[PDB]
Structure formats: structure tokens, C-alpha cells
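Visitor: Sharing my_file.cif below, mmCIF, C-alpha atoms:
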data_entry
loop_
_atom_site.group_PDB
_atom_site.id
_atom_site.type_symbol
_atom_site.label_atom_id
_atom_site.label_comp_id
_atom_site.auth_asym_id
_atom_site.auth_seq_id
_atom_site.Cartn_x
_atom_site.Cartn_y
_atom_site.Cartn_z
ATOM 1 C CA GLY A 1 0.000 0.000 0.000
ATOM 2 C CA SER A 2 1.226 3.461 -0.966
ATOM 3 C CA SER A 3 -0.652 6.768 -0.897
ATOM 4 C CA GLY A 4 0.265 10.391 -1.535
ATOM 5 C CA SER A 5 -1.921 12.552 -3.763
ATOM 6 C CA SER A 6 -0.627 15.905 -5.012
ATOM 7 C CA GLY A 7 -1.732 18.787 -7.213
ATOM 8 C CA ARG A 8 -3.985 21.841 -7.142
ATOM 9 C CA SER A 9 -7.072 20.511 -8.924
ATOM 10 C CA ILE A 10 -8.259 17.004 -9.787
ATOM 11 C CA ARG A 11 -10.072 16.149 -13.019
ATOM 12 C CA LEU A 12 -10.770 12.481 -12.290
ATOM 13 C CA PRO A 13 -13.100 11.490 -9.420
ATOM 14 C CA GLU A 14 -10.910 11.398 -6.312
ATOM 15 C CA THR A 15 -13.639 9.237 -4.781
ATOM 16 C CA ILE A 16 -12.648 6.592 -7.327
ATOM 17 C CA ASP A 17 -9.519 4.766 -8.483
ATOM 18 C CA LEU A 18 -9.183 3.572 -12.079
ATOM 19 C CA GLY A 19 -7.146 0.639 -10.803
ATOM 20 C CA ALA A 20 -9.969 -0.478 -8.526
ATOM 21 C CA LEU A 21 -12.482 0.058 -11.331
ATOM 22 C CA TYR A 22 -10.604 -2.066 -13.865
ATOM 23 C CA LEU A 23 -10.765 -4.858 -11.286
ATOM 24 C CA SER A 24 -14.563 -4.706 -11.128
ATOM 25 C CA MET A 25 -14.646 -5.118 -14.908
ATOM 26 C CA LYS A 26 -12.496 -8.240 -14.585
ATOM 27 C CA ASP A 27 -15.303 -9.948 -12.667
ATOM 28 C CA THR A 28 -17.388 -12.584 -14.448
ATOM 29 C CA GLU A 29 -20.699 -11.436 -12.972
ATOM 30 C CA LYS A 30 -19.675 -8.013 -11.663
ATOM 31 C CA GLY A 31 -17.546 -7.201 -14.694
ATOM 32 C CA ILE A 32 -17.999 -6.175 -18.320
ATOM 33 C CA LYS A 33 -19.218 -8.994 -20.563
ATOM 34 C CA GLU A 34 -17.204 -9.794 -23.690
ATOM 35 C CA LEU A 35 -18.217 -11.161 -27.093
ATOM 36 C CA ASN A 36 -16.853 -12.660 -30.311
ATOM 37 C CA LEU A 37 -17.171 -10.490 -33.419
ATOM 38 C CA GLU A 38 -15.385 -10.475 -36.777
ATOM 39 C CA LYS A 39 -14.034 -7.315 -38.408
ATOM 40 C CA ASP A 40 -11.567 -6.454 -41.172
ATOM 41 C CA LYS A 41 -11.226 -10.203 -41.712
ATOM 42 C CA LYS A 42 -10.326 -10.805 -38.065
ATOM 43 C CA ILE A 43 -12.289 -12.506 -35.287
ATOM 44 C CA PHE A 44 -11.440 -10.844 -31.974
ATOM 45 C CA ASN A 45 -12.201 -13.063 -28.978
ATOM 46 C CA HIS A 46 -13.066 -11.752 -25.514
ATOM 47 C CA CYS A 47 -13.857 -8.326 -26.966
ATOM 48 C CA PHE A 48 -16.569 -5.932 -25.789
ATOM 49 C CA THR A 49 -18.235 -2.964 -27.486
ATOM 50 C CA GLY A 50 -17.775 0.643 -26.414
ATOM 51 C CA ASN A 51 -21.296 1.532 -25.306
ATOM 52 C CA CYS A 52 -21.301 -1.563 -23.094
ATOM 53 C CA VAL A 53 -18.298 -0.167 -21.223
ATOM 54 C CA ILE A 54 -19.833 3.274 -20.710
ATOM 55 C CA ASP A 55 -23.132 1.831 -19.486
ATOM 56 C CA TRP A 56 -21.421 -0.778 -17.311
ATOM 57 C CA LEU A 57 -20.148 2.215 -15.338
ATOM 58 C CA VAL A 58 -23.565 3.862 -15.067
ATOM 59 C CA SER A 59 -25.283 0.638 -14.013
ATOM 60 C CA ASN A 60 -22.601 0.055 -11.378
ATOM 61 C CA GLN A 61 -23.499 3.492 -10.019
ATOM 62 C CA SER A 62 -20.012 4.663 -10.988
ATOM 63 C CA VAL A 63 -21.193 7.569 -13.140
ATOM 64 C CA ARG A 64 -24.249 9.815 -13.414
ATOM 65 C CA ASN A 65 -24.700 9.319 -17.159
ATOM 66 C CA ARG A 66 -23.046 8.099 -20.361
ATOM 67 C CA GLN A 67 -21.066 11.295 -20.935
ATOM 68 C CA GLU A 68 -19.762 10.963 -17.377
ATOM 69 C CA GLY A 69 -18.465 7.490 -18.173
ATOM 70 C CA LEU A 70 -16.655 8.959 -21.169
ATOM 71 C CA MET A 71 -13.842 10.196 -18.928
ATOM 72 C CA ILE A 72 -13.516 7.055 -16.809
ATOM 73 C CA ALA A 73 -13.721 4.892 -19.930
ATOM 74 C CA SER A 74 -11.264 7.092 -21.828
ATOM 75 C CA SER A 75 -8.730 7.126 -18.990
ATOM 76 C CA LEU A 76 -8.840 3.327 -18.839
ATOM 77 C CA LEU A 77 -7.497 3.344 -22.397
ATOM 78 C CA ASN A 78 -4.862 5.954 -21.548
ATOM 79 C CA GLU A 79 -3.490 3.968 -18.609
ATOM 80 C CA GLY A 80 -3.736 0.595 -20.323
ATOM 81 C CA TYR A 81 -6.712 -0.895 -18.498
ATOM 82 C CA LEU A 82 -8.476 -1.054 -21.864
ATOM 83 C CA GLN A 83 -7.100 -1.995 -25.283
ATOM 84 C CA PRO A 84 -8.534 -0.831 -28.634
ATOM 85 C CA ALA A 85 -9.676 -3.455 -31.138
ATOM 86 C CA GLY A 86 -10.247 -2.227 -34.679
ATOM 87 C CA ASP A 87 -9.107 0.524 -37.033
ATOM 88 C CA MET A 88 -12.063 2.410 -35.557
ATOM 89 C CA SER A 89 -10.857 3.165 -32.029
ATOM 90 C CA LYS A 90 -7.253 2.465 -33.025
ATOM 91 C CA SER A 91 -7.256 5.487 -35.336
ATOM 92 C CA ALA A 92 -8.561 7.468 -32.364
ATOM 93 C CA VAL A 93 -6.083 6.511 -29.641
ATOM 94 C CA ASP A 94 -3.503 7.553 -32.232
ATOM 95 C CA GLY A 95 -5.225 10.670 -33.533
ATOM 96 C CA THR A 96 -5.258 14.049 -31.803
ATOM 97 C CA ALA A 97 -8.274 13.637 -29.525
ATOM 98 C CA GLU A 98 -8.352 14.571 -25.838
ATOM 99 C CA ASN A 99 -10.272 11.336 -25.274
ATOM 100 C CA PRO A 100 -9.315 8.173 -27.205
ATOM 101 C CA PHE A 101 -12.699 6.658 -26.354
ATOM 102 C CA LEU A 102 -15.426 6.803 -29.002
ATOM 103 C CA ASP A 103 -18.290 5.748 -26.731
ATOM 104 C CA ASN A 104 -19.710 3.928 -29.755
ATOM 105 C CA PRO A 105 -21.300 0.468 -30.144
ATOM 106 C CA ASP A 106 -19.006 -0.120 -33.120
ATOM 107 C CA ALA A 107 -15.860 0.420 -31.051
ATOM 108 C CA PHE A 108 -14.362 -2.749 -29.576
ATOM 109 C CA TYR A 109 -12.122 -3.081 -26.521
ATOM 110 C CA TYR A 110 -10.257 -5.809 -24.637
ATOM 111 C CA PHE A 111 -8.433 -6.119 -21.314
ATOM 112 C CA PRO A 112 -4.627 -6.496 -21.195
ATOM 113 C CA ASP A 113 -5.144 -9.478 -18.892
ATOM 114 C CA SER A 114 -8.099 -11.236 -20.517
ATOM 115 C CA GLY A 115 -6.958 -14.003 -22.845
ATOM 116 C CA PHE A 116 -7.186 -11.938 -26.023
ATOM 117 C CA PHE A 117 -6.456 -13.775 -29.273
ATOM 118 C CA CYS A 118 -7.013 -12.393 -32.773
ATOM 119 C CA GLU A 119 -7.586 -14.868 -35.604
ATOM 120 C CA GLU A 120 -7.351 -13.806 -39.248
ATOM 121 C CA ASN A 121 -10.349 -15.211 -41.122
ATOM 122 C CA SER A 122 -9.334 -16.191 -44.654
ATOM 123 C CA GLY A 123 -11.630 -15.676 -47.627
ATOM 124 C CA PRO A 124 -12.970 -17.980 -50.364
ATOM 125 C CA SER A 125 -10.736 -17.652 -53.425
ATOM 126 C CA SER A 126 -10.843 -19.201 -56.897
ATOM 127 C CA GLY A 127 -8.414 -21.623 -58.512
#
What does this structure look like when you write it as C-alpha cells?
Guide:
Amino acid sequence: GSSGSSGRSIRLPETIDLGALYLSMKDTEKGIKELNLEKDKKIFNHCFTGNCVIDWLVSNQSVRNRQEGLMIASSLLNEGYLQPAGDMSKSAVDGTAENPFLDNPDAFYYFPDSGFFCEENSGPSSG
């Protein structure tokens, strides 16, 4: 255990700790549910959509509304708690945007701990 906060103002909710939050999402029943979708000829396993993440925070009484979860969800991607999956969010976390999160149902995300494995789905060719 080690504490010692510093600074004039605090953007993030001092009453919360990203680290502790990410743990709640790791839960099977008290965490964010994942799925198996295929994009850009690639089936990402153990991947969840954006919206799901945002809501998951609201339902857990972590935020007041979606927008509110935008910060918590965005920070998770800045620290590493969340990993982008798809040229969609990927282009964001790389682009010049205060928040890498897209709070969109088309944006996928995976945990750095969850057994994430991407499989390239080949296509039917001729000859």
C-alpha cells in the first residue's frame, strides 16, 4: 500500500480509483461482458463494445450518465486498463483527440489481462 496525492485541482473522481475500477470489470458477474465479433477479416475473442463499457459504469453506479463514463472509460485506455480493437478506435487513440474513447457500439475493446487472441479469417478464393 502506498498513498500520496498531489496537485492543485483534480479532473478524475478522487472518490474513485481507475485501478480499482478495472478490477470490477475483470469480474465474471460483476464485470464487463465480452463477445466474439469479426471485423476487417479478423475474429477478436473476448472483446466488448464501447457503449457496453460506458453503461457498465452507469449501471454500477459509478457515473451519473453516459457522458460521465466517457472520462472514466477514456482514462482506462490511456493507462492501459483497456485496449482498442479495430481501425475504428485504433485510429482514435492515435489521432489528436483529448479522449481516445469513441463511446460507440461499433468500437471494440479488450483487457490487457483477458486471454485476447485475434484470428485472421481467410476468404474464399478461386483456382
Visitor: For each of A:108, A:123, A:18, A:72, take the minimum atom-to-atom distance to residue 36 in chain A, counting all atoms listed in the file, then give the residue where this is smallest.
Guide: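 Smallest separation from residue 36 in chain A among the options: A:108.
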Visitor: Written as a list in words, what is the full residue list that the PyMOL selection byres ((chain A and resi 115) around 12) yields on the file shown?
Guide: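 This file gives the following for the PyMOL selection byres ((chain A and resi 115) around 12): residues 26, 34, 44, 45, 46, 47, 110, 111, 112, 113, 114, 116, 117 and 118 of chain A.
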Visitor: Kindly give the distance, in Å, that separates CA of residue 95 in chain A and CA of residue 50 in chain A, rounded to a single decimal.
Guide: 17.6 Å
Visitor: Please give the centre and size of the box around range 101-116 of chain A (axis-aligned, containing every atom listed in the file, 3 Å added per side), with values in Å to one decimal and written as AutoDock Vina command-line options.
Guide:
--center_x -13.0 --center_y -3.6 --center_z -26.0 --size_x 22.7 --size_y 26.8 --size_z 20.2
Visitor: So, counting only C-alpha atoms, which residue among A:78, A:16, A:33, A:104 is closest to residue 51 in chain A?
Guide: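 Closest to residue 51 in chain A, using only C-alpha atoms: A:104.
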Visitor: Could you name the residues that touch residue 68 in chain A at 10 Å or less, counting all atoms listed in the file, but leaving out those on the same chain fewer than 6 positions away, as an NGL selection string?
Guide: :A and (54-55 or 57-58 or 62)
Visitor: Report, in Å to a single decimal, how far apart CA of residue 92 in chain A and CA of residue 41 in chain A are.
Guide: 20.2 Å
Visitor: Would you please work out which residue, of A:84, A:1, A:31, A:7, is nearest to residue 101 in chain A when using all atoms listed in the file?
Guide: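 Of A:84, A:1, A:31, A:7, the one nearest residue 101 in chain A, counting all atoms listed in the file, is A:84.
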Visitor: Using all atoms listed in the file, pick whichever of A:76, A:37, A:52, A:43 has the shortest atom-to-atom distance to residue 21 in chain A.
Guide: A:76
Visitor: With distances taken over all atoms listed in the file, which residue among A:126, A:71, A:3, A:81 lies nearest residue 100 in chain A?
Guide: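 Closest candidate: A:71.
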Visitor: Find the distance between CA of residue 89 in chain A and CA of residue 12 in chain A and write it in Å to one decimal.
Guide: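 If I compute the distance from CA of residue 89 in chain A to CA of residue 12 in chain A, I get 21.8 Å.
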Visitor: Restricting the calculation to only C-alpha atoms, which member of A:106, A:79, A:98, A:40 is positioned closest to residue 120 in chain A?
Guide: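 Smallest separation from residue 120 in chain A among the options: A:40.
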